[PDB]
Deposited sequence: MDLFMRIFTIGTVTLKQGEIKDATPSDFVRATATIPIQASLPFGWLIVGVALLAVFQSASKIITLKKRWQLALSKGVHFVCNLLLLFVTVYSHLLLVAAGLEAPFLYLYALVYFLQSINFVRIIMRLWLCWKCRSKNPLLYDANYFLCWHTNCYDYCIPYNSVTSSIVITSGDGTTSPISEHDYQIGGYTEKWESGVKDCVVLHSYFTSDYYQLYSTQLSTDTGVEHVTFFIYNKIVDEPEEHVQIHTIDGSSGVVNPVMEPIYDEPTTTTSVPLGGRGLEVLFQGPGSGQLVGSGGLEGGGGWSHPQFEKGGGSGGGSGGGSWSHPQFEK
């Protein structure tokens, strides 16, 4: 027999973790990971509060009005698992742990001798602007620590599509008037 109290404690823990995750500021990197991890744990609890509940109906024998609902839940959870697998594949592609932490649709990526820069980015654009110097590379507020120079070619990675951007112009302090800040402009390649 399956006691009902396990379902109650599981849903209580799920509520705790969901509420904790919903109020975490996503500003520093360690904040990004921890919150993400919490979601992962919460996801597991969700499975619990689903699967155990389903087992309860197995004890009840009233699965007829809920078999379709539980099948839909499992299908959506499988889709989420496939999404996580795609995220890991993207991480392997760009060789960085940033795509796990951020939820951006696209990632501007480029590899160097010592480091591989990965930066979140929302949507594909004709031009991309990279800002260097406060030194660090910032795009749309997302920041990566400076370790080397930038290559002439950068790649926008997604789940399925990849785009190439080539450096066209570089703006210095004198041409812009902003001290200790340099701008790099990349344009998409059509071929």
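Participant: Please give the gaps, as residue ranges numbered from 1 in the deposited sequence, where no C-alpha is present.
Facilitator: Residues lacking C-alpha coordinates: 1-39, 174-181, 239-331.
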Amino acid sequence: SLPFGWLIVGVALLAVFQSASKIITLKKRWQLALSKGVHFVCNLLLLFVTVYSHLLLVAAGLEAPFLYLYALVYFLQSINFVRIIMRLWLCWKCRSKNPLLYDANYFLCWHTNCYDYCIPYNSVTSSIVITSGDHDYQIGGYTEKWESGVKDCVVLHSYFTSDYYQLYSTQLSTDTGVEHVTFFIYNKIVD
From here on, numbers count along this sequence of modelled residues.
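Think of the rigid core as the biggest set of C-alphas that the two forms share within 1.5 Å after superposition.
Participant: Once the rigid core is matched, which of the two stretches, 25-33 or 59-67, lies farther off on average in 4 other deposited structures of this protein by C-alpha?
Facilitator: The stretch that sits farther from the shown form in 4 other deposited structures of this protein is 59-67.
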